[PDB]
Each structure stands twice: as structure tokens, then as C-alpha cells.
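Each remark here refers to the structure printed beneath this line.
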Amino acid sequence: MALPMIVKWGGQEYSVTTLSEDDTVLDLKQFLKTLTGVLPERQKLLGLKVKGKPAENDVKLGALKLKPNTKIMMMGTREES
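Under PDB author numbering, the first residue of the sequence shown is numbered 1, with each subsequent residue one higher.
The structure is reproduced here in C-alpha cells:
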């Protein structure tokens, strides 16, 4: 599942929000893989974006309606490339 949370791994601090209703998780997804390109490779989040079963694109703000208060944390998300 893709919850609208914010990632701040010290050096790297991105935004894993759900975006506007008009948009979708698929959008940010491409922006994350293109900006970090580490999520689709290796990562250890507290729960957001699990391996062996990544969130779906159908997921949207109107489908989550969550808040950023969740605060997501990333671990071992460095490729140095």
C-alpha cells in the first residue's frame, strides 16, 4: 500500500505523499524511481513500499484520504549512482 507520508533519511528527504486526487501514486512512483531509482532496487522502509508486493497505481488520494502525520522513514536507500 502507498500511504501519503514523507520520507526524511537525513541526507535524502523526499515526499511519499498521495498527491492531488487528479493525480495518482503512479505519478510520484516514476518521479521516485527517476529521482532516487533506489526504491525499485533496494530499500528498507518502516512499512511503506514493501518488497514482494509494491503498492498499486490505482491508489489515489480519494482512495487513501490519509495524512502526512504518519511520517515515513527509509533505511538502506542509497545507491551512490
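Quick reminder that beta carbons are idealized off the backbone N, C-alpha and C, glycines included.
Go ahead and pull the three-state DSSP assignment for residue i.
{"i": "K8", "result": "strand"}
{"i": "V25", "result": "helix"}
Sorted by chain position, which residues of the same chain lie with C-beta nearer than 6 Å to residue i's C-beta, five sequence neighbours on each side aside?
{"i": "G10", "result": "none"}
{"i": "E79", "result": "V38"}
{"i": "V59", "result": "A2 and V25"}
{"i": "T18", "result": "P4, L61 and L64"}
Less than 7 Å between C-beta atoms, sequence neighbours within five positions excluded: which residues of the same chain meet that for residue i?
{"i": "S20", "result": "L61"}
{"i": "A55", "result": "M1, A2, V25 and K49"}
Quick one: Cα of residue i to Cα of residue j, how far?
{"i": "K65", "j": "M74", "result": "22 Å"}
{"i": "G47", "j": "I72", "result": "8 Å"}
If you follow the alpha helix (DSSP H) that residue i is part of, which residue opens it and which one closes it?
{"i": "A63", "result": "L61 to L64"}
Does the Cβ-Cβ distance between residue i and residue j come in under 7 Å?
{"i": "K51", "j": "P40", "result": "no"}
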